[PDB]
Structure formats: structure tokens, C-alpha cells
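Have a look at the structure below, then the notes.
Quick note: numbers below take in every heavy atom, side chains included, and nothing from hydrogens, waters or symmetry partners. Numbering of residues begins at 1 and proceeds along the displayed sequence.
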Amino acid sequence: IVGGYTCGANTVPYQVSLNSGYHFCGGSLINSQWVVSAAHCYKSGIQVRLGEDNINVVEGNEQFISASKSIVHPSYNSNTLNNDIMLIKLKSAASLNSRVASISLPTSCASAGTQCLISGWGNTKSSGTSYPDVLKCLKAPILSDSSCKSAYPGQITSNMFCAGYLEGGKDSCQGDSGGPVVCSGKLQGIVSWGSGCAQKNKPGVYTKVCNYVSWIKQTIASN
Ligand SMILES: [NH3+]Cc1ccccc1
Ligand SMILES: [Ca+2]
């Protein structure tokens with residue numbers, strides 16, 4: 001996250017870190033046994049880390065649970081990043097409390113102008129590299145589809161939305177991928193892609209979760 005603020009420990013209780021020896025992507029806890037992330041975060045050998053603030057220090061609220069199954073969306077296209085969504089089942093259920101909690105799925109799609117919260121452990125610089133150890137947060141609005149398509153001609157599908165600031169300065173970045181965009185207490189987006197971080201006229205692009213609720217619910221019910 002570029003241009004954000006330190007969230008505070010366990011203030012984003014649905015945020016997870018995906019770990020393969022190191023943090024590589026975010027995700028969101030949607031019930032005691034399932035996480036949703038980006039398909040472009042797929043790899044084998046995922047450990048899900050819940051209850052994290054500092055990802056390099058054991059602070060006492062962590063739960064570390066290995067994945068038993070990963071399910072990339074049937075129509076994910078790695079060239080265009082259309083359908084950039086994946087489900088991860090945990091080998092055992094997490095223990096839910098105030099500091100480790102699920103986030104609700106949306107019943108309706110959020111409109112442009114809605115303010116959302118984006119969070120992650122990704123790069124904090126637009127030029128160069130500095131990775132934080134504690135969770136960073138950013139408040140940002142959903143942009144109109146017309147502004148999003150104007151920023152990225154030929155690249156925005158109905159399964160994507162833009163959020164952020166056309167003036168630049170504040171954005172998600174590498175290492176935030178897979179993490180949550182929460183608006184009005186519901187999971188509306190997944191950090192997906194963009195051109196660089198925090199550049200003028202190049203806002204972040206997010207997977208539009210409201211288009212996937214039926215797939216999520218049916219997949220969880222049968223796996
Ligand atoms: N600035 C949006 C973004 C770029 C690369 C990875 C994740 C997010
Ligand atoms: Ca920790």
C-alpha cells in the first residue's frame with residue numbers, strides 16, 4: 001500500500017497472509033474454513049496466516065493453518081487477468097473471535113463513489129521498494145466505469161473495477177495482491193492489477209466480487 005496508514009493490530013480481522021516460506025499475497029477469510037484470494041496468487045504449498053499484524057514477529061493472536069485444496073476460477077485468464085479469483089480451503093477450521101473474523105459476501109454490487117478500505121503488506125513506494133512488516137490500510141473510492149476504461153483502454157472487463165485516485169499518490173501495490181477491498185462491511189473487491197503503483201491516471205484494478213457470489217457459495221457447499 002502506497003500512501004496509506006498503519007491499520008493497527010488486528011483492526012482488519014478478516015485479512016490473511018498467504019505464506020510459502022515468506023509472505024507473497026493477501027486474502028480474506030469468508031468463513032471458518034475458506035479464504036478468497038486472487039487466482040494470480042496460486043501456488044502449491046500455501047500456509048494461511050490469520051490474526052497477523054507484524055508478519056515477522058509472533059505477537060500472540062496468530063493462527064497458522066495449511067491449505068487442503070485450492071480452486072482457481074474455471075475461466076481465469078492469466079494474460080488478461082479476467083476472473084482473477086481463487087478459493088482456498090483450510091485443513092482445519094479457524095477459531096473465530098474479535099481479532100480473527102470472517103467478512104461477509106455482498107448481496108449487491110457497490111456503486112462508483114462508495115468509499116472502501118484496502119489493506120495489505122505490499123510495497124509502500126511508487127519508485128523503489130520498501131516492504132512493511134505491519135499491516136497498512138488505505139481508504140479509497142470506487143471510480144466510475146467510464147473513468148476506469150479511459151485509464152485502461154481495451155483492458156477492463158465487466159468483472160473488474162477501478163478504485164483509488166486519478167491524481168496518483170495512494171494505491172495498492174505488489175504484495176497486496178489477493179487482499180480485500182471492503183465497502184460498507186462487505187467484501188467487494190480483490191486486489192488484482194494495475195500499471196505500477198500510485199502513478200497519475202493509473203489507478204488500481206480489482207476483481208468485482210459481486211459477480212462471483214453464486215460460484216463461491218456453490219463451490220463451498222460441495223467441497
Ligand atoms: N497498483 C495496483 C497494483 C499493481 C500491482 C499489484 C497489485 C496492485
Ligand atoms: Ca505475527
Side-chain angles (χ1 to χ4, degrees), residues 1-8 11-12 14-17 23-28 36-41 80-86 103 105-106 108-124 126-132 134-173 175-199 201-212:
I1 304 287
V2 180
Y5 63 98
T6 296
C7 305
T11 62
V12 186
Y14 51 82
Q15 174 83 50
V16 310
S17 168
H23 167 85
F24 69 90
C25 273
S28 300
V36 66
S37 186
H40 85 259
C41 292
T80 64
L81 299 179
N82 197 27
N83 307 296
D84 191 14
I85 186 170
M86 167 180 75
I103 186 71
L105 292 175
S108 57
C109 299
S111 304
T114 305
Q115 192 186 58
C116 307
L117 183 69
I118 309 176
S119 48
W121 291 274
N123 190 4
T124 63
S126 187
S127 289
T129 60
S130 184
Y131 284 87
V134 297
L135 189 66
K136 300 290 181 171
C137 277
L138 176 64
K139 290 180 177 188
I142 296 176
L143 298 175
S144 69
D145 292 315
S146 72
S147 295
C148 190
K149 289 183 172 162
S150 294
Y152 296 106
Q155 301 158 72
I156 302 300
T157 72
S158 64
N159 301 309
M160 296 173 192
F161 66 90
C162 290
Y165 300 89
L166 296 173
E167 55 266 43
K170 291 181 174 184
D171 196 5
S172 59
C173 201
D176 293 321
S177 287
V181 182
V182 166
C183 322
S184 310
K186 307 289 166 100
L187 184 66
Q188 292 282 353
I190 301 166
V191 180
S192 182
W193 65 276
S195 183
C197 310
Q199 301 304 300
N201 288 325
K202 293 298 181 180
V205 188
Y206 298 92
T207 307
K208 189 167 176 174
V209 172
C210 63
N211 290 357
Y212 297 98

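- For the pair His40 (side chain) and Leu81 (backbone), a donor-acceptor distance under 3.5 Å is absent.
- Here the closest non-hydrogen pair linking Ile103 and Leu187 is CG1-N, 3.9 Å.
- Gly204 and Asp171 get closest at one heavy-atom pair: N-OD1, 3.3 Å.
- Listed for the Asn201 side chain is no donor-acceptor partner under 3.5 Å among the backbone atoms of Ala151.
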Run the side-chain donor-acceptor check on residues 153-164: report pairs under 3.5 Å with partners two or more places apart or on a different chain.
from: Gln155; atom 1: NE2; to: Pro153; atom 2: O; distance (Å): 3.0
from: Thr157; atom 1: OG1; to: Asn82; atom 2: OD1; distance (Å): 2.8
from: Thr157; atom 1: OG1; to: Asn159; atom 2: N; distance (Å): 3.1
from: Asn159; atom 1: OD1; to: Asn211; atom 2: ND2; distance (Å): 2.9
from: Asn159; atom 1: ND2; to: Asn82; atom 2: OD1; distance (Å): 3.1
from: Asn159; atom 1: ND2; to: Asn83; atom 2: OD1; distance (Å): 3.4

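- The side-chain contact (heavy atoms from CB on, under 4.5 Å) test applied to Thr6 returns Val134, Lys136, not counting sequence neighbours.
- Under the 3.5 Å distance criterion, the side-chain polar atoms of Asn123 are matched with a main-chain donor or acceptor of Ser130.
- For the atom pair NZ of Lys208 and CD1 of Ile190, the computed distance is 13.5 Å after rounding to the nearest 0.5 Å.
- Remark: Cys7 SG to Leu138 CG distance equals 9.5 Å, nearest 0.5 Å.
- The nearest pair of heavy atoms linking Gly27 to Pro180 is O-CD, 4.0 Å.
- With sequence neighbours excluded, the residues satisfying side-chain contact (heavy atoms from CB on, under 4.5 Å) with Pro106 are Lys186, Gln188, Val209, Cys210, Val213.
- Applying the side chain to side chain contact (heavy atoms under 4.5 Å, CB included) test between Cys173 and each of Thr124, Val2, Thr129, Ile1 identifies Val2 as the sole match.
- Looking only at distances, no side-chain donor or acceptor of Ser119 sits under 3.5 Å from a matching main-chain atom of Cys137.
- Checking side-chain atoms of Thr207 against main-chain N and O of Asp84 turns up a donor-acceptor pair under 3.5 Å.
- Side-chain contact check for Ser172 and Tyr206: at least one donor-acceptor pair (N or O, by modelled atom type) lies under 3.5 Å.
- Proximity of a side-chain donor or acceptor of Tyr152 to a complementary backbone N or O of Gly194 within less than 3.5 Å is not detected.
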